[PDB]
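What follows is a single chain, given as structure tokens, in the form solved without the partner chain.
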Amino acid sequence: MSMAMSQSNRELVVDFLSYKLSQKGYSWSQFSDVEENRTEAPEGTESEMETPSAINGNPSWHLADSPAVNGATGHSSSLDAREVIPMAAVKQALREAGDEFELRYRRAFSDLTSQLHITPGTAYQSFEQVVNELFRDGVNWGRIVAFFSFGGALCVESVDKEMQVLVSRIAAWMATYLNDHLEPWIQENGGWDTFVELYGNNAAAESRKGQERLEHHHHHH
């Protein structure tokens, strides 16, 4: 029992909005939607300490003689985990999947965005309705990839002109809909791994092709 998927639904909704914003040049870090890490960066945690410059009664003693592990090495080096696999193949998988969605179809994203109109005021209300129709078929794999390019493009629709006041809210909507709706079906129908094997393609750049031509069927037969 060691599952959780903490940076698999949120980190993903933000990796798609940032990747798209890159095509335009904007950056996701430019906004952040947070408070400079920590509570709100109150200038009093690191790079300042709370000691004047001497205060006897503390000549850097703190023991300084631990048994290597535990005390020094432990808690800051021991414990081998590597942070497991947070996604990686899943991220690049959505990247190439976006190119396979902006070639045919045409409609679909134009209708969803038509029933929403992202702007100063909108929220997860209307976005939850249209998105509902998207997964109303049963959370299909093609419905998840299309849902990434739908909320993604909509995000750049506001940040494209320096209007991230609503782009952050867009990432929050896809986050609750990807962990409380697309997650249960993503595991009940295989898992983010199998889906990566479906569309998430590393970069074979071959696909049973890319080799001159060989012989469609012999010219002389």
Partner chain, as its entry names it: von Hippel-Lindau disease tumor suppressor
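Positions refer to the first chain, counted from 1.
We do not show the form deposited with the partner chain bound, though everything after this point is about it.
Student: Consider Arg143 of the chain shown here, and say whether it contacts the partner chain in the deposited bound form, taking contact as heavy atoms within 4.5 Å.
Tutor: Within the cut-off, so yes.
Student: Test of understanding: in the deposited bound form, would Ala89 fall inside 4.5 Å of the partner chain by heavy atoms?
Tutor: No, no contact at 4.5 Å.
Student: Mind listing which residues of 109 to 123 have a heavy atom within 4.5 Å of the partner chain in the deposited bound form?
Tutor: Counting only heavy atoms within 4.5 Å of the partner chain in the deposited bound form, the contacting residues of 109 to 123 are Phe109, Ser110.
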